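**Q**
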Amino acid sequence: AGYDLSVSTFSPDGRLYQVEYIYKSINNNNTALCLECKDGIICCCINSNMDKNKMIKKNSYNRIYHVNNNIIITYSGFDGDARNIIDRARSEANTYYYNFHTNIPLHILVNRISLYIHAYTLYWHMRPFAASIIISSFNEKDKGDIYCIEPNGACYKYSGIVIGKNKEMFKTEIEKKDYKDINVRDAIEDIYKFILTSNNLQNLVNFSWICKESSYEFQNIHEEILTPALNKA
Amino acid sequence: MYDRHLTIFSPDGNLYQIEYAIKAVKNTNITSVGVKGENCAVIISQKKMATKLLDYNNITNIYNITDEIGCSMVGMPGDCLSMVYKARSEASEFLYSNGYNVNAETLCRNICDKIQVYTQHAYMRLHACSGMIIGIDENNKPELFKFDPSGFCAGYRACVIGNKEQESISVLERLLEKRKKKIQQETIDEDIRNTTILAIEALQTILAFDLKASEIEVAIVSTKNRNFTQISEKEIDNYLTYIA
Amino acid sequence: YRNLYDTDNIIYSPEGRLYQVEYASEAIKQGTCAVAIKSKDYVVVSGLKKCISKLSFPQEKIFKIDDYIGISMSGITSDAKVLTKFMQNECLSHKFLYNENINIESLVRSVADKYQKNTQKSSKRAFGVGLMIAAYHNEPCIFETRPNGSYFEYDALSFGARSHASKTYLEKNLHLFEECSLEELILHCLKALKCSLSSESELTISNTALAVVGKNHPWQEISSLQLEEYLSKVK
Amino acid sequence: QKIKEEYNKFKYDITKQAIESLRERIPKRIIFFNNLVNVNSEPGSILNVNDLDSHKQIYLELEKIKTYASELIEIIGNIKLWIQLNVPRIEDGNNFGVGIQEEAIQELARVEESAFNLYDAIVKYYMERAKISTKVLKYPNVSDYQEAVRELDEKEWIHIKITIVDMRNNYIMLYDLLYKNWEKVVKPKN
Amino acid sequence: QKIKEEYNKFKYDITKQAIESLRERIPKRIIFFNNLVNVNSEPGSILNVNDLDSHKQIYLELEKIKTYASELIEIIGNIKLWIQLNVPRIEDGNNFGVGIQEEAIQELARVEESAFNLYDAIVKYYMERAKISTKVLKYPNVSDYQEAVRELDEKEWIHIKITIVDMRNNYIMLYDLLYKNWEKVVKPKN
Amino acid sequence: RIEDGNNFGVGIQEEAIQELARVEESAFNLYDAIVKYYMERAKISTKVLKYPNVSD
Amino acid sequence: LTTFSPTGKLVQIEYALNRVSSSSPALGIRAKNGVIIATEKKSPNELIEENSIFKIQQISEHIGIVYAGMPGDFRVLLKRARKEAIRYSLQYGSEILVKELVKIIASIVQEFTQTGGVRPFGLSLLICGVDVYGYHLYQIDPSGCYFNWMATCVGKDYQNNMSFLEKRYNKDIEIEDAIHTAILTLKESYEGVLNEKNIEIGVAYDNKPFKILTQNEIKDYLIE
């Protein structure tokens, strides 16, 4: 009551609003999913906005962006304020390539993207961002690492994470297997079973894994790998 | 009222946006205590989410500003990482502009100076963080410096930052009493075994936790090491059994 | 329901919405009707002009960007002539710095940020307009923007006062992809306006601008002496 | 399932009644009461006491009042509830249309409560007149008590007609108000 | 600690009773009261005097009213208490959900006060009727006192029926309000 | 002590006092309400004794 | 932003004066062979040390300074005080005079009062030291004005401590006599009897560099 208008004003208990209200925004838009596998990293996106439009193309609303050859980035929330971070995510990879002639490592890209998202939650003139970014990759000698940078920094390294309208339901379903077992190929069937439980037979989802020993680079599914989808179990 | 802005004094003459920012640090339930002995100073983290499947080896509360000056920023998870970069890009700016390596007292007085300019101007908000800058200087004398969201280059011989600072002064006082009055003149730079035990006993006395093995990661900046080395897990579990 | 989260571009509501941008998305419904159909190789646009007074000439609704890219605004005009010029200069410069045509997918991304970068600041307000970028580069595509930064490569659009009545006409008409029928495609698009035209009124006597763009077609504005022979006289 | 069917049926039957009242029940009464108190009448030809000779004549006029008052409460009560059932889920901001709905409820509740108070007022007429009549019986030569009886009937006679005017004026202002604000009463947020 | 088990059982028992009442007890009563005063009735066919004969007829009707009033206050009282127990800790900001909860308490308390107020108002009927009836025995020729008794009975009879409509309508305004805002009423600060 | 600002906690305290006074005032009023019961019933009963055939 | 009041004063400046009346008390006294400045190092516990928390600082070889307000505003007005004591020592030969230093720091405090978007400085300085024309002991009020004080106090309870000096300070008082009246005025208003190495005193000491008295030196005066 009066202490939640601007972003540069704290609350008497110690919390901070207007960076807190954003959490109720990223938990109401189209969800996401990204989890570790013993062969690679496999993302997802569940665009649960069929009913309103139904006129767009089949795979026109893609939400699997990448900065370069092997780092996948998805969203959650405002599509406009999330693309602006991607331009800062892509330009950070290019500035690191000019000044250092090497691929940017993930433990330094998620930090340079955290000081960009968080930096907008300080100025009174600008508004904070409205997106939850998933950042991951898969090294050859090391396993994957998914960084779920939420608003207000906090670049936490997860291992399987969902963020959207059902961020608490898939967590009770991802724990059904360690996933540091069966490969990225059979993991698709386990993922597609989770979506139908929590919402019909539509091809709105669009995932993209990073590794199937396919030079360990980003690629979409295929049109032939989506077809063997177990619609019953 | 007089609390919606930051650059306005209250009628009793007291800033409140600064006062609310210190309450933000005492709300994230993260406690990091650090002690300083003779040519040996350590810092203990707590490794907890600032509020399943998270890799608990990555979540931490200990960041190194340089190779010989470490710290432990607690508070909001978005303001602590920014204050490390406002320090990492500061101490690295000192070596280029002054040749010799920066000291722990010059770094803390420069961080508190940058924090103060955001207090007078209503441009940005206060960084809800609080860290304990640790390190040793050229004279081989370790230091410690704790700074709250206001300007404070106080410096302590043993300090505790976090949500327990309201009454955690007596526990650190009794533990320093048990070492000053029981001083041992046969010190052969074995303080890394003595001062570290005094620190882990401090956090175990504040928080009644039984097996704090994987949720406690410390760092030693004593002489002959001078690198802010984060102590491994085997040495932590070994130090946890010496309380018997 | 204190409604204090309603007069600024920075304040967020407790539900998670941003009400100053949501008012701009509602400002496109107060504009005239428009519809664009995507065939297998042709793209048409049926813009309905807004003849305000009896003596005044109708306003222009369909514009042009390049020979193949054509837009049709639907909202306020003050934020449409600015986005058109800050699209044409991002179009001719690509034909000057390079020589190939501008990639339509790479053009819209530079226009979505013209919305996005105009929202985050507080001194600047959101663009209250809805574009309908109709173009043909290698494949015919009908893109559209919003005051919020969002893209959807559509196949049949609608923006306007009675946009829901024309939306239902395209929801049950999926036979536009297979049979192109350029001579009959414009009949479908003109029917989309007639099915949602001012509660059973004619207003199609050279008052609905049309445009066709395709394979060997540049942004050809349909002449006033060609759309009334049979294109406006089907039923 | 039996409760679920009857409830959805209930919301539909009401919705019909609201439209039915606006398209037929309220306009028919608008012309009806107007035919009794024509707006085009010259001044003084409506609000008079010229046709005034217990007062059996006043009794008959109140009986007509009771019919008009009863039927209004039933129509307005159901139309008001219908608007209430059309209020969307409470949200912060962008609820100007909900304000219109509340404003509509405010005007509807005001007229209904006003007409409802006539029932208490008619009881007051008989109780007060009878008490005065007892005083006339006890003190038959103090002429002011008899003048009070005459004046009492003339006041109530005027109030009855002002009530009919109040009926007339409320029906037209209510119908015109909903007509002007029709888009926001049905779809306050779209 | 023994009291804590029985107490936790009580908080558990309330939560159960509230959902059961909203899912069964209230809809069943909705259809019940609706079957007595159907919305599809023509105007004036409800609020009439065809069934109008101490007044033994009103007596039998008043006893049923008190039954309807008793069950409403008891049902609403537990629902209201359940909402109060679900109010989160008072905090500055982010209390849009507390406003929803508060909004529910305001409507629940208003309807509860209405049913509570019916019992005293009925006493007023008999008290007013008794004073006037004594006057009729004392003053048998002043006809307005006899007319006042007749009109009073007709007034209470109409008011009873408006109350039954008000019962039905309060239940519907309440059921619709909680149903639409149900997610914010249960988890207001998520 | 009364101070300007950072007195969110007194609001919690004030809210409790406001509600506590409300419940106390309600319970205090029972003593007056019980007297009204006996007073009203006694008043009505006198009229029954004076007018034993008016059944209402 | 600070704005005028209808009664003819500054509201935001008046609140700054209420901040210096609630901090650690300071005390400045000018003698005939130097000046002295005292403070009240209120020890909160045994965790902080004495080598860092300072209520006495230096600007040049003969300039002393104490605070009476915000602890965080120590290191900001001191940073600009040293730079103006250095910039003057670059463009000109000798050190900076106290009248030329106060008229420069006051122009910085005043500028942070009229300019919009800034908060007035919540402290009261006491710049003292040896000048070529004698000895001076100024005081910088948070409004920006200054006074050429002879013996004063600025911290908490500066009303009774001021009256305890008017009745205990003549025009001619030596340094050793002024030190005894300095500790006397502190204990007459400081709570408790814990006055033991909790006072930091600076001294000009008759045309010599500024020497901050150590802990083993203040006990020599406290016992008298």
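Protein sequences appear in the order of chains G, A, F, g, h, i and B. Residues 6 to 203, 210 to 244 in the deposited numbering are what the first sequence spells out, letter by letter. Residues 8 to 58, 65 to 257 in the deposited numbering are what the second sequence spells out, letter by letter. Residues 2 to 236 in the deposited numbering are what the third sequence spells out, letter by letter. Residues 16 to 68, 134 to 270 in the deposited numbering are what the fourth sequence spells out, letter by letter. Residues 16 to 68, 134 to 270 in the deposited numbering are what the fifth sequence spells out, letter by letter. Residues 169 to 224 in the deposited numbering are what the sixth sequence spells out, letter by letter. Residues 10 to 233 in the deposited numbering are what the seventh sequence spells out, letter by letter. All residues carry an ideal CB built from backbone N, CA and C; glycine is no exception.
Exposed or buried, which one is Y13(F) when buried takes at least 16 other CB atoms within 10 Å?
**A** Within the third sequence, residue 13(F) is the residue found at index 12, counting from 1. With 16 or more Cβ atoms within 10 Å of its Cβ, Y13(F) is classed as buried.
**Q** Three or more C-beta pairs closer than 8 angstroms, one from the stretch 10-27 of chain A and one from the stretch 226-240 of chain G: is that the case here?
**A** No, because fewer than three Cβ pairs between the stretch 10-27 of chain A and the stretch 226-240 of chain G fall closer than 8 angstroms, the two stretches do not touch.
**Q** Determine the chain h residues that contact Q32(g) at a beta-carbon separation under 9 angstroms, and present them in chain order.
**A** Against the fourth sequence, residue 32(g) aligns to sequence position 17. In chain order: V54 and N55.
**Q** What are the partner residues of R39(B), as DSSP defines its beta bridges?
**A** Against the seventh sequence, residue 39(B) aligns to sequence position 30. Per DSSP, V44(B).
**Q** Rounded to whole angstroms, how far is the Cβ of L165(h) from the Cβ of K26(h), which I believe are closer than 8 angstroms?
**A** Here residue 165(h) corresponds to residue number 85 of the fifth sequence, with the count starting at 1. Here residue 26(h) corresponds to residue number 11 of the fifth sequence, with the count starting at 1. Correct: roughly 7 angstroms between the Cβ atoms.
**Q** When burial is assigned at 16 or more other CB atoms within 10 Å of the CB, is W162(h) buried or exposed?
**A** Working through the fifth sequence from its first residue, we reach residue 162(h) at position 82. By the neighbour-count rule (16 or more Cβ atoms within 10 Å), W162(h) is buried.
**Q** Using the rule of at least 16 other Cβ atoms within 10 Å of the residue's Cβ for burial, across every protein chain shown, is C48(G) buried or exposed?
**A** Position 43 of the first sequence, counted from the start, is the residue given in the question as residue 48(G). By the 10 Å Cβ count, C48(G) comes out buried.
**Q** Please go through the same chain and pick out, in chain order, the residues whose beta-carbon is closer than 8 angstroms to the beta-carbon of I124(A), but skip the five residues on each side of it.
**A** Residue 124(A) sits at position 111 when you count from the first residue of the second sequence. Cβ neighbours of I124(A) beyond the five flanking positions: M96, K99, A100, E103, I146 and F160.
**Q** Considering only residues of the stretch 172-226 of chain F, which uninterrupted alpha helix (DSSP H) runs meet the minimum length of 4 residues and lie entirely inside it, listed in chain order?
**A** The stretch 172-226 of chain F contains these whole alpha helix (DSSP H) runs: 183-195.
**Q** Could you give the DSSP three-state label for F63(B): helix, strand or coil?
**A** Counting from one through the seventh sequence, the residue named residue 63(B) turns up at place 54. If DSSP states are grouped into helix, strand and coil, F63(B) belongs with coil.
**Q** With a cut-off of 8 angstroms on the beta carbons, I'd call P168(h) and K269(h) a contact; round off their distance for me.
**A** If you number the fifth sequence from 1, residue 168(h) lands on position 88. If you number the fifth sequence from 1, residue 269(h) lands on position 189. That pair is a contact at about 5 angstroms.
**Q** May I ask you to list the residues that DSSP assigns as paired with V231(A)?
**A** In the second sequence, counting from the first residue as 1, residue 231(A) sits at position 218. According to DSSP, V231(A) bridges with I51(A).
**Q** Excluding the five sequence neighbours on either side, which residues of its own chain have a C-beta within less than 6 angstroms of the C-beta of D7(F), listed in chain order?
**A** As a first step, residue 7(F) must be located in the third sequence, where it is residue number 6. Cβ within range, chain order: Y20.
**Q** Measure the C-alpha to C-alpha separation of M60(G) and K168(F) and round it to an integer number of angstroms.
**A** Along the first sequence, one-based indexing puts residue 60(G) at 55. Along the third sequence, one-based indexing puts residue 168(F) at 167. Each residue's Cα considered, the two are about 9 angstroms apart.
**Q** Is there a Cβ from chain h that is less than 8 angstroms from the Cβ of residue 114(g)?
**A** Coordinates for residue 114(g) are absent, as chain g skips straight from 68 to 134.
**Q** What in chain i is Cβ-close to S17(A), meaning under 9 angstroms?
**A** In the second sequence, the residue the question calls residue 17(A) occupies position 10. Under the 9 angstroms cutoff, chain i gives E171, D172, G173 and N174.
**Q** By Cβ distance, which residues of its chain are closer than 8 angstroms to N49(h), with the 5 residues on each side in sequence left out?
**A** Position 34 of the fifth sequence, counting from 1, holds the residue named residue 49(h). Cβ within range, chain order: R248.
**Q** Is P141(F) close to chain G, meaning its C-beta is less than 8 angstroms from at least one C-beta of that chain?
**A** Position 140 of the third sequence, counted from the start, is the residue given in the question as residue 141(F). No, its Cβ sits nowhere closer than 8 angstroms to a Cβ of chain G.
**Q** Indicate whether at least one CB of chain A lies closer than 8 angstroms to the CB of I118(G).
**A** Along the first sequence, read from residue 1 onward, the residue named residue 118(G) stands at position 113. Taking Cβ atoms only, chain A never reaches closer than 8 angstroms to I118(G), which makes this a no.
**Q** Looking only at C-alpha atoms, which of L40(G), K198(G), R20(G) and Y22(G) sits nearest to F143(G)?
**A** Counting from one through the first sequence, the residue named residue 143(G) turns up at place 138. Taking only the C-alpha atoms, the option nearest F143(G) is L40(G).
**Q** Going along the stretch 14-47 of chain B in order, which residues come within less than 7 angstroms of chain A, judged by CB to CB distance?
**A** Listed by position along the chain: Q21, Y24, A25, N27, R28 and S31.
**Q** Apart from the five residues just before and just after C93(A), which ones in its own chain have a Cβ nearer than 6 angstroms to its Cβ?
**A** Indexing the second sequence from 1 puts residue 93(A) at position 80. Excluding sequence neighbours, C93(A) sits near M86 and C142.
**Q** Using a Cβ-Cβ distance cut-off of 8 angstroms, determine whether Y206(h) contacts chain i.
**A** In the fifth sequence, residue 206(h) corresponds to position 126, counting from 1. Yes - at least one Cβ of chain i is within 8 angstroms of the one on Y206(h).
**Q** What are the residues in the stretch 17-44 of chain g lying within 7 angstroms of chain h by C-beta distance?
**A** Going along the stretch 17-44 of chain g in chain order, one finds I18, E21, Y22, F25, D28, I29, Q32 and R40 with a Cβ nearer than 7 angstroms to chain h.
**Q** Hey, out of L232(F), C34(F), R18(F) and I66(F), whose CA is closest to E171(g)'s CA?
**A** On the fourth sequence, residue 171(g) is found 91 positions in, with the first residue counted as 1. The shortest C-alpha separation from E171(g) is found at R18(F).
**Q** Listing by chain order, which chain g residues have their CB less than 8 angstroms from the CB of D7(F)?
**A** Indexing the third sequence from 1 puts residue 7(F) at position 6. Those are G173 and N174, listed as they occur along chain g.
**Q** Spatial neighbours of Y101(G) within its chain, please: C-beta separation below 7 angstroms, excluding the five flanking residues on both sides.
**A** For this step, residue 101(G) is matched to residue 96 along the first sequence. Correct list, in chain order: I109.
**Q** What span of residues does the beta strand (DSSP E) with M133(F) cover, start to end?
**A** One-based indexing of the third sequence puts residue 133(F) at position 132. First-last of the beta strand (DSSP E) with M133(F): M133 to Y137.
**Q** Excluding the 5 residues preceding and the 5 following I61(g) in the sequence, name in chain order all residues of the same chain whose CB lies nearer than 6 angstroms to its CB.
**A** Along the fourth sequence, one-based indexing puts residue 61(g) at 46. Counting only Cβ-Cβ distances below 6 angstroms, and skipping sequence neighbours, we find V52.
**Q** Between which two residues does the beta strand (DSSP E) containing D150(G) stretch?
**A** In the first sequence, counting from the first residue as 1, residue 150(G) sits at position 145. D150(G) -> beta strand (DSSP E) spans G149 to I154.
**Q** Return the CA-CA distance between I103(F) and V112(F), expressed in angstroms with no decimal places.
**A** As a position in the third sequence, residue 103(F) is number 102, starting the count at 1. As a position in the third sequence, residue 112(F) is number 111, starting the count at 1. Roughly 13 angstroms separates the two Cα atoms.
**Q** Report the residues of the stretch 7-33 of chain F with a CB closer than 9 angstroms to any CB of chain h, ordered along the chain.
**A** Residues passing the 9 angstroms Cβ filter: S14, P15 and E16.
**Q** Below 8 angstroms on the Cβ atoms is my contact criterion, and I expect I53(F) with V45(F) to pass it. Report the Cβ-Cβ distance as a whole number of Å.
**A** Taking the first residue of the third sequence as position 1, residue 53(F) is located at position 52. Taking the first residue of the third sequence as position 1, residue 45(F) is located at position 44. Between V45(F) and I53(F) the Cβ distance is about 26 angstroms, and since that is not below 8 angstroms, they are no contact.
**Q** Quick check: is the beta carbon of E26(A) nearer than 8 angstroms to any beta carbon in chain i?
**A** Here the question's residue 26(A) lines up with position 19 in the second sequence. Output row for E26(A): interface = yes.
**Q** Can you confirm whether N157(B), when its beta carbon is compared against all beta carbons of chain A, has any partner nearer than 8 angstroms?
**A** Indexing the seventh sequence from 1 puts residue 157(B) at position 148. Judged by the 8 angstroms Cβ criterion, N157(B) is not in contact with chain A.
**Q** Which residues in the same chain have their Cβ closer than 7 angstroms to the Cβ of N42(B), if we skip the five residues on either side of it in sequence?
**A** Here residue 42(B) refers to the residue found at position 33 of the seventh sequence. Closer than 7 angstroms at the Cβ level, and outside the excluded window around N42(B), lie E183, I184 and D215.
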